[PDB]
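To start, the structure itself, in structure tokens.
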Amino acid sequence: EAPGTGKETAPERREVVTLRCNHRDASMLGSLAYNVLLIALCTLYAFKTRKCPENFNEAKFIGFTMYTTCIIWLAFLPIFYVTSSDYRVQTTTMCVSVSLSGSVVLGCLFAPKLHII
Amino acid sequence: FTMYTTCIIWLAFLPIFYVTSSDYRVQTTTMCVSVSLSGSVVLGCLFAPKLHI
Amino acid sequence: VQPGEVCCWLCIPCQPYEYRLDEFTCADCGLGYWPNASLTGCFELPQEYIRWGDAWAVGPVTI
Amino acid sequence: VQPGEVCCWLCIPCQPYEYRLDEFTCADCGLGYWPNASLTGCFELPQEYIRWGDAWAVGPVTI
């Protein structure tokens with residue numbers, strides 16, 4: 001498509017400009033989908049192997065992490081899709097979503113690691 | 001477990017309305033469906049034993 | 001603007017975002033600029049995004 | 001609008017939210033008003049959202 005860096009975004013009211021990539025607003029969802037189905041099959045296995053008390057019942061923690069990640073992604077995809085007009089707000093919400101996903105992954109899977117110290 | 005699920009649902013829905021609060025013309029319409037989804041989440045948390053039986 | 005007769009003129013602002021070419025015409029030079037105090041004008045408009053200058057995105061940084 | 005000549009005038013469309021005034025200049029009702037072409041009536045008092053309306057209401061009330 002393009003390396004990016006689409007400068008001088010033309011707004012309806014020519015007051016201020018904002019720097020952005022070429023088409024990082026609607027094309028990224030495609031790549032996002034490339035992971036979503038993955039996550040899908042992943043949580044599918046998380047539902048298939050949820051009854052496994054092995055590794056201090058690590059299958060339940062895997063399933064919980066999958067549930068939280070799938071919920072936050074199902075909530076983040078339409079938000080990132082409908083907020084493509086604004087730049088600062090869209091970047092802020094996608095950044096908050098990414099940070100929340102990373103934090104819930106580090107807090108749900110590494111919960112027994114922190115508990116046993 | 002259901003309380004933790006409801007809490008993470010709250011923590012996931014909070015930024016949704018926090019970012020959808022912009023352009024309140026659609027926020028006044030999404031408030032109803034957000035409250036309905038929250039009520040449905042609480043209903044599931046409460047009736048998981050009722051749904052199993 | 002020049003009326004039918006060519007001995008008077010009406011002083012009206014055509015557009016605030018339009019380049020000031022002549023005393024009778026009014027047309028923009030480029031796109032996404034503002035006429036500055038210089039003679040050329042309709043230019044000198046950098047990107048409107050400060051690097052870590054606004055306290056509105058400190059949330060992502062601290063998280 | 002009246003040019004430097006008193007003989008005739010110049011036809012220029014002003015802002016649309018202005019009322020149907022005389023041939024001097026189109027008059028406005030102020031912020032938050034919309035006149036008509038019948039008697040220059042600027043009331044524009046609609047409702048916010050009708051109960052059980054077909055626009056973003058049927059789905060919510062049904063769910």
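Lettering and numbering for the structure tokens are positional, with chains as A, B, ... in the shown order, residues counted from 1 in each chain, and ligands counted from 1 in the shown order.
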
Quick one: residues within 10 Å of residue 48 (chain A), only C-alpha atoms counted, chain neighbours fewer than 6 positions away excluded, as a list in words?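 Using only C-alpha atoms, the neighbours found are residues 42, 59 and 63 of chain A.
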
Which RMSD value, in Å, follows from superposing chain D onto chain C on all C-alpha atoms in order by least squares? 2.2 Å

May I have a table of the residues of chain A lying at most 9 Å from chain C, giving each one's closest pair of atoms and their distance in Å to one decimal, counting only C-alpha atoms, ordered by chain and ascending residue number, as a tab-separated table?
```
residue	atom	partner	partner_atom	distance
A:7	CA	C:47	CA	8.4
A:8	CA	C:32	CA	7.1
A:9	CA	C:32	CA	8.2
A:10	CA	C:32	CA	6.8
A:11	CA	C:32	CA	8.4
A:14	CA	C:32	CA	5.5
A:15	CA	C:32	CA	7.2
A:16	CA	C:48	CA	6.1
A:17	CA	C:48	CA	5.6
A:18	CA	C:48	CA	5.8
A:19	CA	C:47	CA	6.5
A:88	CA	C:57	CA	8.4
A:92	CA	C:57	CA	6.8
A:95	CA	C:60	CA	6.3
A:96	CA	C:60	CA	6.2
A:99	CA	C:63	CA	6.9
A:100	CA	C:63	CA	8.9
```

Check: which chain B residues lie within 8 Å of chain A using only C-alpha atoms, as a list in words: residues 8, 9, 12, 13, 15, 16, 19 and 20 of chain B

Hey, which of A:103, A:54, A:77, A:116 ends up closest to residue 35 (chain A)? Count only C-alpha atoms.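 Ranked by minimum distance to residue 35 (chain A), first place goes to A:77.
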
Residues of chain B that have any atom at most 9 Å from an atom of chain D: could you tabulate them with the shortest-distance atom pair and the distance in Å to one decimal, using only C-alpha atoms, ordered by chain and increasing number, as CSV?
```
residue,atom,partner,partner_atom,distance
B:26,CA,D:56,CA,8.7
B:29,CA,D:56,CA,6.1
B:30,CA,D:60,CA,8.4
B:32,CA,D:60,CA,6.0
B:33,CA,D:60,CA,5.6
B:36,CA,D:63,CA,7.1
```

What gap, in Å, lies between CA of residue 19 (chain D) and CA of residue 1 (chain D)? 15.1 Å

Report, in Å to a single decimal, how far apart CA of residue 16 (chain C) and CA of residue 38 (chain C) are. 15.7 Å

Dump as a PyMOL selection string the residues of chain D that approach chain C to within 9 Å, counting only C-alpha atoms. chain D and resi 3-5+10

Give the helix (DSSP H, G or I) residues of region 39-98 of chain A, as DSSP finds them on the backbone, and put them as a VMD selection string. chain A and resid 39 to 48 54 to 82 88 to 98

Shell around residue 17 (chain B) at 9 Å using only C-alpha atoms, local window under 6 positions removed, as an NGL selection string: :B and (27 or 30-31 or 34)

Written file, previous selection with N, CA and C atoms, as a CSV table (one decimal), in the first residue's frame:
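Saved as out_23.csv:
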```csv
chain,number,residue,atom,x,y,z
B,27,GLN,N,-24.2,9.5,21.8
B,27,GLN,CA,-24.0,9.0,23.2
B,27,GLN,C,-25.4,8.9,23.9
B,30,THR,N,-26.6,5.5,22.7
B,30,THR,CA,-25.8,4.4,23.2
B,30,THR,C,-25.9,4.2,24.7
B,31,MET,N,-26.3,5.2,25.5
B,31,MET,CA,-26.5,5.1,26.9
B,31,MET,C,-27.5,4.0,27.2
B,34,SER,N,-25.9,0.6,26.5
B,34,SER,CA,-24.9,0.3,27.5
B,34,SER,C,-25.5,-0.1,28.9
```

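In this comparison, which uses only C-alpha atoms, the residue of A:66, A:1, A:117, A:56 approaching residue 27 (chain A) most closely is A:1.
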
Kindly give the distance, in Å, that separates CA of residue 109 (chain A) and CA of residue 36 (chain A), rounded to a single decimal.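 Distance reported for this atom pair: 19.3 Å.
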
Selection near residue 3 (chain A), 10 Å with only C-alpha atoms, sequence-local residues under 3 positions removed, as a VMD selection string: chain A and resid 6 21 to 23

With C-alpha atoms retained, export the selected residues as a tab-separated table (two decimals), in the first residue's frame.
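File part-v4.tsv, as written:
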```tsv
chain	number	residue	atom	x	y	z
A	6	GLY	CA	0.39	11.09	5.15
A	21	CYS	CA	0.18	7.63	8.32
A	22	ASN	CA	-1.07	6.84	4.82
A	23	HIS	CA	-4.03	4.57	5.63
```
